[PDB]
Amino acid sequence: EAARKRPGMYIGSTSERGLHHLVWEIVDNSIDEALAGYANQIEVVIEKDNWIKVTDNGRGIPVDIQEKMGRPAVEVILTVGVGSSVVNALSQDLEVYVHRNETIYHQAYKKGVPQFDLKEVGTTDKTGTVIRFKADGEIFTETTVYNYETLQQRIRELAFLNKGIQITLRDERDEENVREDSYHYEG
């Protein structure tokens, strides 16, 4: 309720500017993984009902119990790095899927509140993190619709700034017209 009561301090504004900042924070975490030498592919998806899906082929947010807290690391990071917690707090629903240790780990949240303990929901050969979120309509009272062009412009800049990372943007809001933009700069 720290981020919810005063959302201005944590993200900036609750307008369209603050709405797209939700996406930048989540993507910045995937770019960090790529800069460390552990990811090379990031995918930003605008899904039905303006849900956002950000996927990377990183190491997967660790799932091991943190000795002090007594909870998995993914839970800790997302419910306070600071940025992911704020996005979680400002979202009416947030889902995380971690692909690590040949297992698929899942946790869902509501307004930053864990709905259930981290559960194992599958098996994998791949590593990476999938973060799905729906912005809180009660917080973002102006608009809850992402402007594709605003997303495309910053994604193009980030792929250019961070050479060698493939960043893809896909709009799937209307199944009748699916637009996609793939960026990858060697230079």
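A residue's number is simply how far along the shown sequence it sits, counting from 1.
(message) Can you count the deposited residues that have no coordinates between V80 and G81 and report it as none, 1 to 3, 4 to 9, or 10 or more?
(response) In the record, 10 or more residues between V80 and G81 lack coordinates.
Going by the mean C-alpha B-factor recorded in the entry, which is higher: 6-14 or 166-174? In the deposited entry, the stretch with the higher C-alpha B-factor mean is 6-14.
Discussion item. Per the record, averaged over C-alpha atoms, which has the higher B-factor: 138-146 or 43-51?
Written reply: On average, C-alpha B-factors are higher across 138-146.
Checklist line | Third assignment of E67 from its chain's C-alpha B-factors | finding: Highest third - that is where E67 ends up once the chain's C-alpha B-factors are sorted.
- Item | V113 - Cα temperature factor, lowest/middle/highest third of chain | Ranked within chain, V113 CA B lands in the highest tercile.
Quick check for you: using the entry's CA B-factors within this chain, is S84 in the lowest, middle or highest third? Answer is highest: the recorded C-alpha B-factor places it there.
If you rank every modelled residue in this chain by C-alpha B factor, which third holds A73: lowest, middle or highest? Tercile = highest for this residue's CA B-factor.
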